[PDB]
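Peer 1: Pasting a structure below so you can have a look.
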Amino acid sequence: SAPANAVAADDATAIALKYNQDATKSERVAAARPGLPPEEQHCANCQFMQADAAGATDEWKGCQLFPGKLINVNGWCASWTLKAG
Ligand code: SF4
């Protein structure tokens, strides 16, 4: 299941960032941000990401923009950008 500190679709920042766990049914293709095809784009390959979170699982990891909380790796937000590294 999602962890207690999962970033909710209803989270005020998620609402600003257009985060969705369902990256597929997020503004991915709509935004079509360059670097990697939307299909491949997720938090999993976001620049603003943290596999450096207290209580990281595997499916649920940290975001740079969401410290403390946990994003789904296979989810996406508008502030994506490919990994620069
Ligand atoms: S900034 Fe990146 S890791 Fe954070 S929610 Fe957005 S896409 Fe995911």
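Quick note on naming: the chains in the structure tokens go A, B, ... in the order shown, residues restart at 1 in each chain, and ligands are numbered from 1 in order of appearance.
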Which residues sit within 9 Å of ligand 1, counting only C-alpha atoms and all ligand atoms, listed as a PyMOL selection string?

Peer 2: chain A and resi 7+14+17-21+23+41-50+61-66+70-82

Peer 1: Those same residues, written as a PDB file, in the first residue's frame with C-alpha atoms?

Peer 2:
ATOM      1  CA  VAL A   7       2.192  12.604  -1.385  1.00  0.00           C
ATOM      2  CA  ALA A  14       0.859  18.313  -5.467  1.00  0.00           C
ATOM      3  CA  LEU A  17       2.968  20.797  -9.130  1.00  0.00           C
ATOM      4  CA  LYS A  18       0.343  18.691 -10.920  1.00  0.00           C
ATOM      5  CA  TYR A  19       1.696  15.620  -9.182  1.00  0.00           C
ATOM      6  CA  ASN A  20      -0.100  12.343  -9.797  1.00  0.00           C
ATOM      7  CA  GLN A  21       0.797   8.806  -8.688  1.00  0.00           C
ATOM      8  CA  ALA A  23       1.883   9.594 -14.100  1.00  0.00           C
ATOM      9  CA  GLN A  41       9.055  10.224 -17.583  1.00  0.00           C
ATOM     10  CA  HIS A  42       8.315   9.685 -13.869  1.00  0.00           C
ATOM     11  CA  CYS A  43       9.686  10.823 -10.459  1.00  0.00           C
ATOM     12  CA  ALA A  44      11.885   7.698 -10.925  1.00  0.00           C
ATOM     13  CA  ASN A  45      13.924   9.744 -13.477  1.00  0.00           C
ATOM     14  CA  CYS A  46      13.144  13.274 -12.212  1.00  0.00           C
ATOM     15  CA  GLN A  47      16.011  15.678 -11.445  1.00  0.00           C
ATOM     16  CA  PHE A  48      14.192  17.048  -8.379  1.00  0.00           C
ATOM     17  CA  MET A  49      14.145  13.583  -6.716  1.00  0.00           C
ATOM     18  CA  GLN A  50      15.486  11.968  -3.481  1.00  0.00           C
ATOM     19  CA  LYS A  61      10.875   7.434  -2.519  1.00  0.00           C
ATOM     20  CA  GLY A  62      11.504  11.127  -1.758  1.00  0.00           C
ATOM     21  CA  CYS A  63      11.074  14.147  -4.037  1.00  0.00           C
ATOM     22  CA  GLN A  64      13.485  17.111  -3.783  1.00  0.00           C
ATOM     23  CA  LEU A  65      10.430  19.419  -3.610  1.00  0.00           C
ATOM     24  CA  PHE A  66       8.702  17.041  -1.112  1.00  0.00           C
ATOM     25  CA  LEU A  70       7.166  10.227  -0.217  1.00  0.00           C
ATOM     26  CA  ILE A  71       6.329  10.302  -3.958  1.00  0.00           C
ATOM     27  CA  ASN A  72       5.543   7.195  -5.992  1.00  0.00           C
ATOM     28  CA  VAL A  73       8.538   6.603  -8.301  1.00  0.00           C
ATOM     29  CA  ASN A  74       6.197   5.690 -11.199  1.00  0.00           C
ATOM     30  CA  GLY A  75       4.172   8.916 -10.625  1.00  0.00           C
ATOM     31  CA  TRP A  76       5.015  12.330 -12.124  1.00  0.00           C
ATOM     32  CA  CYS A  77       4.725  16.108 -11.483  1.00  0.00           C
ATOM     33  CA  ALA A  78       5.116  19.104 -13.895  1.00  0.00           C
ATOM     34  CA  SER A  79       8.426  20.020 -12.211  1.00  0.00           C
ATOM     35  CA  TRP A  80      10.012  16.866 -13.663  1.00  0.00           C
ATOM     36  CA  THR A  81      13.158  17.425 -15.832  1.00  0.00           C
ATOM     37  CA  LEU A  82      15.389  14.399 -16.612  1.00  0.00           C
TER      38      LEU A  82
END

Peer 1: Run DSSP on the backbone and give me the residues of chain A it puts in strand (DSSP E or B), as a list in words.

Peer 2: residues 6, 20, 46, 49, 50, 60, 61, 62, 63, 70, 71, 72, 76 and 82 of chain A

Peer 1: So, counting only C-alpha atoms, which residue among A:68, A:25, A:84, A:32 is closest to residue 56 of chain A?

Peer 2: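 Ranked by minimum distance to residue 56 of chain A, first place goes to A:68.
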
Peer 1: Enumerate, as a PyMOL selection string, the complete set of residues in chain A that a backbone-based DSSP assignment places in alpha helix (DSSP H).

Peer 2: chain A and resi 12-17+28-31

Peer 1: Compare A:40, A:52, A:59, A:22 by their minimum atom-to-atom distance to residue 1 of chain A, counting only C-alpha atoms, and give me the closest one.

Peer 2: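 Checking each of A:40, A:52, A:59, A:22 against residue 1 of chain A, counting only C-alpha atoms, the winner is A:59.
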
Peer 1: In terms of the shortest atom-to-atom distance over only C-alpha atoms, which of A:83, A:33, A:28, A:69 is closest to residue 5 of chain A?

Peer 2: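 Answer, going by the shortest atom-to-atom distance: A:69.
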
Peer 1: Looking at only C-alpha atoms, which of A:37, A:58, A:29, A:24 is the one that sits closest to residue 3 of chain A?

Peer 2: A:58

Peer 1: Work out how far atom CA of residue 27 of chain A is from atom CA of residue 9 of chain A, in Å to one decimal.

Peer 2: 12.7 Å
